[PDB]
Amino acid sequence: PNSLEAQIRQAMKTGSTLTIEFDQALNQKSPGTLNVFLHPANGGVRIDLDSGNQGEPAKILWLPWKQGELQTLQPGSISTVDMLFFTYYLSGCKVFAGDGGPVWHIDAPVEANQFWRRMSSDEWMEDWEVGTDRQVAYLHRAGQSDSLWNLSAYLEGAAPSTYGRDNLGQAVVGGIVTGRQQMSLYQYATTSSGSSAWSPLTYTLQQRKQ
């Protein structure tokens, strides 16, 4: 086969099943570029900081998870075509991505009004004038209380993407860099019944209401 990095990009683009196992230690690494090791794993790839065990070095874009709040990947970090992007598992978490803007990973318990207020301090948000449009990918867990995810007071457009059902399930989000400050996003989900294949995580047109 090709490199593990190539195998992940191919699985993403082909819509194949190839799971990702993240070492929890990655959450001690700040958002932005990160040198990791990829390893063979059962039905997928393990991403960690271990140089041994058939490890293949890769430089990725990384977005950690932090309990009770959000983390942000800035678009100025995004440069190298074909570089992979990952965030840590979504365990009831939300991910919001502006096309050409930041990516946010918001922990499950943070209320939508609270995390929107925190996001909105970002320069890209301050530049998003009321009554104007952006392309936005937004992913939340189906069956979670609306309080924790619903942005309909703020955004006009397509419904969010969802993972899971009945407030149960986990998701993986990653991406492939396509140019300066730009990525294509991909996702899969994990049920008590196993993991799905990769699929696109789509940007849709959203107008800022207020």
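Counting begins at 1, following the sequence as shown.
Higher mean Cα B-factor in the deposited model: 149-157 or 24-32?
Per the PDB record, 24-32.
Comparing 193-201 with 7-15, where is the mean C-alpha B-factor higher?
Result of the comparison: 193-201.
Looking at the C-alpha B-factor values in the deposited entry, which of 135, 77, 113, 71 comes out highest?
Among 135, 77, 113, 71, the highest C-alpha B-factor in the entry belongs to 77.
Highest recorded C-alpha temperature factor, please, choosing from 66, 59, 141, 46.
If I rank 66, 59, 141, 46 by C-alpha B-factor, first place goes to 66.
Mind checking which third residue 38 falls in for C-alpha B-factor across the chain?
It falls in the bottom third of the chain.
B-factor third for the C-alpha atom of residue 55 within its chain
For residue 55, the deposited C-alpha B-factor lands in the middle third.
In terms of the CA temperature factor given in the entry, to which third of its chain does residue 120 belong: lowest, middle or highest?
It belongs to the highest third of the chain when residues are ordered by C-alpha B-factor.
According to the PDB entry, is the CA B factor of residue 107 in the bottom, middle or top third of its chain, that is, lowest, middle or highest?
Lowest third of the chain for residue 107's C-alpha B-factor.
By its CA B factor, does residue 183 count among the lowest, middle or highest third of the modelled residues in the chain?
For residue 183, the deposited C-alpha B-factor lands in the highest third.
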